[PDB]
Each structure stands twice: as structure tokens, then as C-alpha cells.
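To begin, one chain is listed below as C-alpha cells, in the form deposited in one PDB entry.
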């Protein structure tokens, strides 16, 4: 096969992407070993769905797992009557998701389970895939002529040829695995054929962070979770928290081998120690550095010029309400809270009005990083930790370190009941989720 493994792509045909996908235990070869994972479409990751604005998507999910499941169309500003976080597909049953891709949309999105209390083990076991919305902006020469790849960043741990079970500490921290993979492959080699690469990045891990850095190179950020920036932004490194996506341009500067690494990052995960009358929580500290892939540059690379502009960010109406949502932790209980409460699917927490804009101030009063996700309604990050964001773009997950406040501008789009929650999915399963009703 191609030196660089990427998931199989399924494309819309004549404006329709009609596909049946089964969620199923699947024996497969992974990182040189045989394992049974839970997959969509018999692969890990699941197939990449590639569509254009205004396409119709008709996806029938057949549940062949021994427990109920469903889909979250992560990042898609569609109706919560379609992207329904409360729906349950029982074992053996099927459900058809049908929606139209919004006209003003572009970027890398993804799909995975969202059945409360069962997300972490299902996602950890392999149930996820990417969805790419192609844009007319892809036709500009500076992007068209780049070599494009999707990088699904997901780790895994195996025990007896199956995904390792969650421990109590896993429910507290979020589970990370020792196999740190790209597109389900262990440290693949990308042999570049062009000097400019356009990489779509997805963190589909339960809890692992990727502090991304390419040896000897900067990255040029061109898209965030849910759309393009206004112009490329040069960065020395790029942190991708669970659930986040980014698109970058890489401009290969000379021939050679360059490592794309996940540099040490301390997200505040905790261990336990006993030092002669202790038995108390201790920080795990920063992650060990990981090599994600080997990047081989072509001979005499001459990268393209960067595009001067991408997409202008919409001018939003003035906001009509300000909300405050405080995150707290009970680590030893592995319970997690928003405004002092745990999720209750019967309780509406916030009531907003469609087509108005709100300001959400999300404050992390815990000690762990928490990546805050809102369904259905993409937002503009204004500032985090009192620092203004250096670009305008649509996001749907925002990482908060301990103590930090994020100020978000949230246009309310589709009507209905939806949710917001931490995307360390163990924390969501353990209660860190709330309900927004838009009318």
C-alpha cells in the first residue's frame, strides 16, 4: 500500500452520500499485532466521509455491539433532532441519520458514539471516523497544489488482544494508551512528494493531548475545529486537545528526515502515592515525548507561497446574554461538575433564543485541563486565560488549563435540546455535561 496509511475515503455521489455502516467487534491487525476492536465499517479508524456544502448525507448505522450506541456528528451545525445526544440504538437495531450539509461550512469534522455513561469505553475501543467538508477555497492554487493528508491522532492500550479495560484511575483521569498511533498505524513514514503539505489533524483520543511540533519547521495554521482562519497563522507548535481539529500547511525547507512529535505536556493527570502515612493524590506530571510519524522531504523542496487570505470570518450581531459555567472536580470520587451539578438528561440548564448571540464565560476551577465542547452551535473563542485569541475561526472545543477562563461568542443556530460537556469523555460519562435548550 501507500507508505502513508490513511482511512479509506467515501465520497458523496451526485450530491448524495448514502451509506450503511455497522458498529461491530472486528478482528484486525494493528501496530503489528492481532486485536479485536470495535469499528465502524470494519476499519480503524472508520472510513473518512468526504462531502461538499448542500450535499445530502444518509447514513444508516447498524448496531452490532452488545450494548446500545448512537452517533454524534461532532462539529456539524445541524439540528439536534438529527445529531441527537439522547437517542439510543439498541443492540441489533439500526437508525438512519439524514441531514443536509450547511452551505457556509468547511473543514475537518468527525463522528463517534455519544450514549451517556458508555462513551469512553466505546470511543477507546475504536469507534470513530473523520468527515471532511470540501470547500471552493480548496481550488485556490496554494492549497490545490499542496499534498493533502488526514492525520487521525488516537492512542490505544491492548490487553489479551482487546482494548484494555478502564480502571478507576482511568475514570478519574481519562484513559491514555501506550500505543500512540496515527491513522491506526505505529509511527508511519510519510514520504512527501511535494514541498508543501496540507495536513488535516484530528485528536480522536479519549484524553491524550498532542503538543505538536515538527522538527526544524514551523506550522502554518489555516483552519480550526470548524472552519478556516482569515489568513494563515505561523506557529512553532500546536496543542490539540481531545476532540479538537486543525489544518496546517507545512513548508518543507530542505531534504532530510523530520520527526513530527507530541512534545511533553502536563494536562494535570493524577496518580496515587504512599510515602509512610500518605495514600494521597500526586501529579503524574508531563507526558513522555512521543514520535508520531517520520516525515521525509523530497529533493530540492521549493514550497508554494502561502495563500494571502483564506475565509473572512462573519461579523456577528451584538450578544444579548452572558453566561457563566464553572467546572469543578471531585477527583477521588471521579465526579465532575458544571455549576455544581452533574448531568441529568431531564434537566434543562440553559435556555437560549435561536439567531441571537450569547457570550459564554467558561471557567476551569479544577486542577486538570478540561476541553469544553458544545454541540450544534460553533463558537468564536475571544480569549482564554485573559489572553486574546490570535485568530478568528469557528471552534467547537476549547481547552482550559487549571484556573483559566475562556470567553466565547456563541451564535445560537438550530432549535432544540442539545448538550455541552468536557471532551475528556470519561469526565462526560462521569457527569461533566449539561443541557442547552434553544427555542
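Whichever C-alpha set is largest while still superposing within 1.5 Å between the two forms counts as the rigid core. Positions refer to the first chain, counted from 1. Residues that one form lacks are left out of the comparison.
Heads up, the form deposited in another entry isn't pictured, but that's what we're talking about next.
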Listed 144, 308, 280, 254; moving between the shown form and the other one by 2 Å or more at the CA after core fit is just 280
Per the comparison in that other deposited form, the residue 285 and residue 278 C-alpha atoms (change 3 Å or more) are positioned closer
Cα of residue 174 vs residue 281, shift of 3 Å or more in that other deposited form, relative to this form: the pair sits farther
Which residue stretches between the shown form and the other one come out as moving, taking only runs of at least three where every Cα shifts by 2 Å or more after core superposition?
1-3, 274-281
